[PDB]
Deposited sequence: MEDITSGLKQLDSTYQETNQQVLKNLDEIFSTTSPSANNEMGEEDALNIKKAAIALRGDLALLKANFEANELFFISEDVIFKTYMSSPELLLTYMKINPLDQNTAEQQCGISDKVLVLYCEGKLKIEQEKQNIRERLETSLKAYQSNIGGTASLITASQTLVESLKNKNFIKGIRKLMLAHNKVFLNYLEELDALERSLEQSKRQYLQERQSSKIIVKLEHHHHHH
């Protein structure tokens, strides 16, 4: 049982952690729909958690009963001697001359009372579970699909964006060489100007 809890509680935290990842008329109703589902799933999980915690509290106190005065007939009858029933029920159901048989009768009633207390708690636990489980499951499935979808988009985006950056670097080298080449043709043009000037000047004595 102790293990089953830690598994349940990691599931619980992690699903909630997933939900924390958050912040035309078709997409309006969707954008709402997502966050309505998130608060709906927080509620669901809160109710299921409280219900598991209620049972586990009951189990601790109940286990002690089955170790002590519900552990054997002898201990039951000793316990009933010390803790008799309301004279109300003892008159009506256990009105017997034999005091020992009264003790047996009271023991039987106490067992029936405890059976009932356990039945009631189980039925309560089943209803809490049953009224949240189908919606909870759907909502977990929905949000995992969202987690998946976003991660997936980000993995692929991470590959594209680097590739586009690499292409920009390559194309930039080409831009730079074009600039360098036009700048060199211009330097050539000025050299040719300077040397045709120098030719003319030197010729003149």
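Numbering the deposited sequence from 1, one finds several regions with no C-alpha coordinates, namely 1-7, 31-38, 221-226.
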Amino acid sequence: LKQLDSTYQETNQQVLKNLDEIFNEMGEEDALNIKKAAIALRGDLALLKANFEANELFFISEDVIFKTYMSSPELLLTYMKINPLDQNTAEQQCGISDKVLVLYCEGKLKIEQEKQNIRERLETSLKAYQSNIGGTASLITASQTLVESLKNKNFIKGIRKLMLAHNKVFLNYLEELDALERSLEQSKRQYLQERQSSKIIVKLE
From here on, numbers count along this sequence of modelled residues.
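In this entry, 88-96 has the higher mean Cα B-factor, the comparison being between 88-96 and 117-125. With 50-58 and 24-32 compared on mean CA B-factor from the PDB entry, the stretch scoring higher is 24-32.
The deposited CA B-factor of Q130 belongs to the lowest third of values across its chain. Ranked by Cα temperature factor within the chain, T68 sits in the highest third according to the deposited record.
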